[PDB]
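Structure 1 and structure 2 below are two forms of the same protein chain, each written out on its own as structure tokens.
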Structure 1
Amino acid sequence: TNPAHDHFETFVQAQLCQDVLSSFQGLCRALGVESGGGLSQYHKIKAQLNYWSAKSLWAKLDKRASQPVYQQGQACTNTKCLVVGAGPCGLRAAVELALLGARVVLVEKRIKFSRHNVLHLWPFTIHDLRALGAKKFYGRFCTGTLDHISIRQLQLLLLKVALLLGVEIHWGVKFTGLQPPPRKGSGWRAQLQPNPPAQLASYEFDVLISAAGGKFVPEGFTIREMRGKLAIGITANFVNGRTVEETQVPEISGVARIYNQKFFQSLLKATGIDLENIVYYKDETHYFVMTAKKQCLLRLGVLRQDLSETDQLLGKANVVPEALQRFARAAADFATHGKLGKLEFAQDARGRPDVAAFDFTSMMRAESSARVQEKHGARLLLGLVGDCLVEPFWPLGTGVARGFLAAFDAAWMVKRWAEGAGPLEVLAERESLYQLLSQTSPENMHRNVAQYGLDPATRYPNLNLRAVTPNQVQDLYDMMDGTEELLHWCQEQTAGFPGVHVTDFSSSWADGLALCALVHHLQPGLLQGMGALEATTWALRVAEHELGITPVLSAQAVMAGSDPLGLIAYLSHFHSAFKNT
């Protein structure tokens, strides 16, 4: 026989994270390869596992690997990546970057997939996953007309996929932030807790894909918060015995109070439970997600006091596990007309009943989806993916969909950045894409989901990659280190003016003074210390009428220091006309 086949089948069927890892390592030792080895490792693995069980898997993976956008793994063949997070979106990112031909290295905080809550899947995410061999690695995946997958199962899927592609992963390793390059010849590094392996800690990368969940975002990355009415979401998982009775209970896609008022009034007047919404997904567990307002959860002793800060309102000290269990179970039992039977809680990864309470009040969004940093010549492309990019709304089942799109758009970004386009280009393109995200839906995206790929134009109808231009995105380009001579020259023309001191093509010129010092020196003397707006408009008008130089920047642009490039373009004209003099 072939022992490798058993290693494979075992790897394939692994239901625990660390069993996936050991079954893969054994399969690897069986096939003269080591994990973490680019797409070449993938090629050997399928070279030696060309047999009945593996053949369709390789088939699907190959069909995707050879979609023109990857160039047979030559696109990002010179890119070095670090993905932060083994969440679905991180793994997905990992697969796209791996296929691109890049070196993918992934760090995950945890060492198991703990999460049982269920995610609604959009048609395209279903198809995608499918063409990654989802029913091979799961099989109970979206049976018939199922719509959703539990978190850890999705994690499992994409884990096996990323592994097979030779993505290098590290578990129990938290990324705390960046290490800038020590000197000109160096690269950007991660700071890792606790002990990074001496090779991971020394690993230099040029792309950072952060995919670390709702409440982690790197440095330079700034978040925009905005809340709605105070909402509190409770999710629950019950034992699913997969009995005939149990199976014959309809799901509850989304039953909202704004319509089913008599259902909810009935709930309340028979249970004291006052809800805004409830959802029931039938998965590995019976899953319920429901929304309440504060006064109900107080009245029922689910919460101990009326705390103003929501992060404290739903903290371990103020949440009463007893009551939240009884509340959850009561709602659950009512919405399903007891058809489900006497409900037992599933455990969380830690053994207490699977009921949690979350803050639903926020609609978080990050200002950008990417940034570029540059030191000692080393460029680094930061890009966000997942819950850390846009905060999903759980009832309306966004999460997976918008995260995967973010991940594709990140992979696209990376692809451009390998092709060697200017930082501002890569970023501008990414921001035009980003604009679309927070309002996406299957209805305002393309219909042929069968053919979705990295290329933005296969997914987003009426696509404008020019919505955002390199000029505006100068903010996202962070340089801590041809234009030499324009600065030197301006310093020369402006020496001697009392309040003027030229050091850049931004803040030096914010107050009008700077510009006047030039103009006055170039054409004396119309001739003092004016204002701020006054001086800027003085300079621009006078340079325009006297020197023959029309304004590139607005007076406000110059005053706000918003457009370095624009100011350089303006200045370069005084340079053109008067340098040889």
Structure 2
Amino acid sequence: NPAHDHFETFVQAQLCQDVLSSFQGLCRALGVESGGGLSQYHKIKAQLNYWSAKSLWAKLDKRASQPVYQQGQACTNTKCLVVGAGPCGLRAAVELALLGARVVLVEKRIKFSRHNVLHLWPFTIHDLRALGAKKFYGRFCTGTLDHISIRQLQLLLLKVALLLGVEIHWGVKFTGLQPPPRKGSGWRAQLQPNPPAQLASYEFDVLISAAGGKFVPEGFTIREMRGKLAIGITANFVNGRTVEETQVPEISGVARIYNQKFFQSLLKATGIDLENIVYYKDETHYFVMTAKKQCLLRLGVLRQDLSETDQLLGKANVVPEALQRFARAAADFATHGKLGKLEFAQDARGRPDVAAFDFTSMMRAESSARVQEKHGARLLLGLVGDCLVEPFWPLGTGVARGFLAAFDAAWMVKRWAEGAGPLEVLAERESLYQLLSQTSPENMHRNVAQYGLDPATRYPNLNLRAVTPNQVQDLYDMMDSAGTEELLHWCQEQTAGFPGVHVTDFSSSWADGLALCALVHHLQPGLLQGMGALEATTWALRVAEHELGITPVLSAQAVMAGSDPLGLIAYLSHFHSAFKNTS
């Protein structure tokens, strides 16, 4: 039987190319075209009615039938480009596809090559337990196992995303946005190496960027923040799965709070000074440690004391042989030798798998979402995963906060598909974003099994109006109400003839306060240089109030920052209302 011979190969595939190989071999044996969407998910399960595999269809159909998605129609008029086939990219891709949306994902690499091990919060375990991971990965969180290697997380999620009919492409980097030439024309992706001509023509109205710690799309800004110099070191050793190795208790890291006698012993015993060390028993014996610069220099792990941290941990300044020595001795002391002699696993390049990372930064994007609109054509952009907020690896928030963000973005595209105003969608979304960087299992909802896209199911005492529509206008970039153009033409008419006033808009035009003075001076002749925009703005607001009867809608600061156009429009409307030509 050809059918689910393929399907068993597909399920147990450990290599990206083979998952891909298998699926399109399963598809051919079924008359199903790969790239989906749900319609092709349907014909797959409806033509493969074999035991052991039904367990999986039950799990997926269980999630697929829960009200939020309705029945894959919530987002049928929604077309997405998802960037990044990382875990958060795939996890979000699955939600979009379950929502019924057309999901096309682009990934720059062609293999899952990372072997570092991620901590999984209890809810993510449930979440992907119920996506059928146990079947795609036998060792998935067996017993009290709390973690999963990056590439295994990807092998799972890929298989789920493929099944659900996500059109995925490999070996193609999203470079930027190629905007609409004209109404009716949509947004497209700039891709490279320049894609096939149908991907090239693919027009979308939602972009979800899950591209990892170093790539955010245009217009998204990054708030950088740096703590004390902090050097992270990960390492993977061959885990032979002998009974002896299997008994070595793993090290959680929370012991740095409860146990510092250890770090003293480590230091005395090896000359190694760590701030923390973590050990997970996974496909490899995984260690991540945090080290003091002084310590790494003294041990010849780093060649020279370099001030620019990116050059401090550049290839030229990291001594491979000494780093290996360093990691080996630390791993060995911490597990008291019970792992036997440690042999480095290979990384994907084929090197002893040990690397140093900058752990100093606390990056967050300023917002989780924005909306661009040109020639009436709207594009919702949503951040997910490491690119949104950077995880502190020793504390294991990466998967969980990436997943929370992926649910919040799918929830966002649901509002977007309901027809909500861009400001409303953004405000709601930024209200959720606010909570992300302080989430813990402890301050979240207790019942992880009842978790769904609805943020209420996840965040206790949820305030969906923490950020208001007025506070996210700079997130809505309208670079393309007919009463606004009346107001504008009228405002321009009033302030005409003033040296260095040129009313052009309802933000930057009015920022230095001279526009306001002109308006007032014009409206009441005979009242009253180089004081700042602050004094100009202020006089105008006081004089408007007392002479013209119009109280301030915006503060002076808000006039100068120009980030509240709607409120300036409402201010100005009072002047026009008060002094319209006639009735």
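The term rigid core refers to the maximal set of C-alpha atoms that superpose within 1.5 Å between the two forms. Here, a residue number simply tells you its place in the sequence of structure 1, counted from 1.
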Quiz item: Among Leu61, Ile45, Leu513, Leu39, which is the residue that shifts its C-alpha 2 Å or more between structures 1 and 2, core superposed?
Solution: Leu513
Quiz item: Aligning on the rigid core, do we see the C-alpha of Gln191 shift 2 angstroms or more between structures 1 and 2?
Solution: no
Practice problem: Take the rigid core as the frame of reference and indicate whether the C-alpha of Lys215 shifts by 2 Å or more between structures 1 and 2. | Solution: no
Quiz prompt | Residue shift check between structures 1 and 2, rigid core fit, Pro498 Cα at least 2 Å | solution = yes
Self-check item: Rigid-core-fitted C-alpha displacement of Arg257 between structures 1 and 2 (angstrom)
Solution: 4.7
Quiz prompt | Shift in Å of the C-alpha at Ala410 between structures 1 and 2 after core superposition | solution = 0.3
Practice problem: For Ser202, tell me the Cα shift between structures 1 and 2 once the rigid core is superposed, in Å to one decimal. | Solution: 1.2
